[PDB]
Amino acid sequence: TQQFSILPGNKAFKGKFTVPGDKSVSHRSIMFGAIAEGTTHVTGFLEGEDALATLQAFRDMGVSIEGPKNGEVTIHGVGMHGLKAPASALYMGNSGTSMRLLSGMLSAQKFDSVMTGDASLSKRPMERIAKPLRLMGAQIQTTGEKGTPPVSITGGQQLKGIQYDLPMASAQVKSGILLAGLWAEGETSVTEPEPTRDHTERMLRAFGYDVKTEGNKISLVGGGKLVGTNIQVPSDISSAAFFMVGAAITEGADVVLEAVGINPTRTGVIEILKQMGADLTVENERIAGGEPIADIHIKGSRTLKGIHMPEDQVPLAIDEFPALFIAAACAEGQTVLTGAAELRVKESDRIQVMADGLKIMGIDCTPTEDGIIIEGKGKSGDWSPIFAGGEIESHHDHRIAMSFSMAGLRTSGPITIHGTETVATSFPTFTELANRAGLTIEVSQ
Ligand SMILES: [Cl-]
Ligand SMILES: [Cl-]
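Read in the numbering used here, the sequence shown has 865 at position 293, and its numbers run on one by one without any break.
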């Protein structure tokens, strides 16, 4: 166990900062850089659980890779057919993402493969991706009735593109199918019943592959070719969100977050904060590595106010609601969240864990079946403490820990957050940026 400690008192919160690279986009650059023609140089790379497992997999399959080192990776791509058979099982650790995306890719290879995982991944079913791949002609075996790992794939198959109506929305399953479709005969198409992130699609385009996005119908034609290029990874908006919130709840705060990724499938926190009356502007908009980026300028010039959060932004801000709950508490009036049933018990009930911590800090809130109700203690023009402090349980959820860390900007008492050791893995520079901004956080045993 590890814990964060924060002391009460009027904090400053200002500066120009760049948060770490987007987790998902970092991963995709490896997926496609490995099988592209020529060299790929990646910058702003953040290696997470997914990246490291995928990095090792392609190393095992003969790909030469320098790094990651200081956010830089050089990938000597081997072309669409340059992968070599792994000498043993490809260990995925806890990366279900790696396993699902590589399933599609591996099911199209000449050679056999086995994918295995740790105790947690070994329990996760893989039939939602395996089933459509089998329709394409893939030979993919799973374990037991629930179809969990190990996932055993037989190569040397001829895949055919299918038109697939996805029963349950999933960027991972969607991505797995499309990746197999790169080697398949004809067009592979996925129709998702609900909108998901499109980092896979955008990275494919960055590498020169044509991908049609036509409403909820996402498709490509197999036989194409990927071309190595330079990939600047956008900084993670999910990481930036904590400092957006911090700036919006701190008096006279002035924060510029540079090169923040603003993929429209990820920008829900911006729209929501804006609707809460936040002084938040999006300037210097441009594109890097097929991803849109911008500088986010947030000022604590006025008091947030509680709103009925827009339901059309919930899919776009799903991971940012723990941070937004902190904003809601400092806001004037009541905040209500609906249509966020996904947010409850998604193998971790963030609504309740936040509620527990918020209540400990003296905030009247109430979990609902599809969200939460928060009674904000904010008052227009008033920047007196909102939170009472206390001891907080994060349950090793980094987003919970980082959220309650921001609460230290408006607390009348000490805050101790337990189980914060996963914060550094997700957001390595979090406490550093916090300190540079004016939010001192002491890490302990
Ligand atoms: Cl994605
Ligand atoms: Cl998460």
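Cβ atoms here follow ideal geometry from the backbone N, Cα and C, with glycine treated the same way.
| query | result |
| --- | --- |
| Given this structure, state the Cα-to-Cα distance separating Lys641 from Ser952, to the nearest angstrom. | 47 angstroms |
| Cα-Cα, which of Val783, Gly709, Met671, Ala831 is closest to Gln804? | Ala831 |
| Just list the residues that DSSP pairs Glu855 with in beta bridges. | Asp867 |
| Nearer than 8 angstroms: is that true of the beta carbon of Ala889 relative to any heavy atom of ligand 1? | no |
| Determine the extent of the alpha helix (DSSP H) in which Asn802 is found, giving its start and end residues. | No alpha helix (DSSP H) holds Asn802; the beta strand (DSSP E) holding it covers 802-804. |
| Taking 9 angstroms as the cut-off, decide whether the C-beta atoms of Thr590 and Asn802 are in contact. | no |
| Taking the beta carbon of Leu705 as the centre, do at least 16 other beta carbons fall within 10 Å, making it buried, or is it exposed? | buried |
| List the endpoints of the continuous beta strand (DSSP E) containing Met652. | Looking at the DSSP string, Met652 is not in any beta strand (DSSP E), and its letter there is neither H nor E. |
| Say whether chain C places a C-beta atom closer than 9 angstroms to the C-beta of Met671. | Note that chain C does not occur in the displayed structure, where there is just one protein chain. |
| Tell me, which residues are paired with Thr997 by DSSP? | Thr997 pairs with nothing; no bridge assigned. |
| Does the stretch 841-849 come into contact with the stretch 776-792, if we say contact requires no fewer than three beta-carbon pairs (one atom in each stretch) closer than 8 angstroms? | no |
| Are there 16 or more other CB atoms within 10 angstroms of the CB of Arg838, so buried, or fewer, so exposed? | buried |
| Report yes or no: do three or more beta-carbon pairs, one from the stretch 657-672 and one from the stretch 684-697, lie closer than 8 angstroms? | yes |
| Check whether the stretch 728-740 and the stretch 848-855 touch, using three or more Cβ-Cβ pairs below 8 angstroms as the test. | no |
| Would you say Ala608 touches ligand 1, meaning its beta carbon is less than 8 angstroms from a heavy atom? | no |
| Which partner residues does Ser577 have in the DSSP bridge list? | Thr988, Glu1014 |
| With a threshold of 16 other CB atoms inside 10 Å of the CB of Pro765, please say whether the residue is buried or exposed. | exposed |
| Taking the continuous beta strand (DSSP E) assigned at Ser636, which residues delimit it? | 636-641 |
| With a threshold of 8 angstroms, establish whether the CB of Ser747 neighbours any heavy atom of ligand 3. | Only ligand 1 and ligand 2 can be found as ligands here, which leaves ligand 3 out of the picture. |
| Whole angstroms is fine: what's the gap from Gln847's alpha carbon to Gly1010's? | 26 angstroms |
| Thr573: beta carbon under 8 angstroms from a heavy atom of ligand 1? | no |
| Span of the alpha helix (DSSP H) holding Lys595? | 595-606 |
| Please say whether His967 and residue 1018 have beta carbons closer to each other than 9 angstroms? | As shown, the chain starts at 573 and ends at 1017. That puts residue 1018 outside it, with no answer to give. |
| Go through the residues and name those whose CB comes closer than 5 angstroms to any heavy atom of ligand 1, in chain order. | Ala743, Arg769, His771, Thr772 |
| What does DSSP give as the partner residues of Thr907 in its beta bridges? | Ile946 |
| According to DSSP, is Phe976 part of a helix, a strand, or is it coil? | helix |
| Quick one: what does DSSP say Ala831 is sitting in, helix, strand or coil? | strand |
| For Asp737, report the span of its alpha helix (DSSP H) as first-last. | Counting along the chain, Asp737 falls outside any alpha helix (DSSP H), though it belongs to the beta strand (DSSP E) covering 735-737. |
| Mind reading off the beta-carbon distance from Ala820 to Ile870? Whole number of angstroms is fine, and I expect it under 8 angstroms. | 6 angstroms |
| Can you find the residues in the same chain that come closer than 7 angstroms, C-beta to C-beta, to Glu699, ignoring five residues on each side of it along the sequence? | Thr714, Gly719 |
| One question on the structure: do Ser598 and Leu579 come within less than 9 angstroms of each other, judged by their Cβ atoms? | no |
| Whose CA, out of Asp884, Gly800, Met926, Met652, lies closest to the CA of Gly794? | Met652 |
| For residue 526 versus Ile946, is the C-beta spacing smaller than 9 angstroms? | Residue coverage of the chain in this structure runs from 573 to 1017, which leaves residue 526 outside it and unanswerable. |
| Do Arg874 and ligand 2 come close, with the Cβ less than 8 angstroms from some heavy atom? | no |
| Please report how far the alpha carbon of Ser694 lies from the alpha carbon of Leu750, in whole angstroms. | 24 angstroms |
| Within this structure, are the beta carbons of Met978 and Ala927 separated by less than 9 angstroms? | no |
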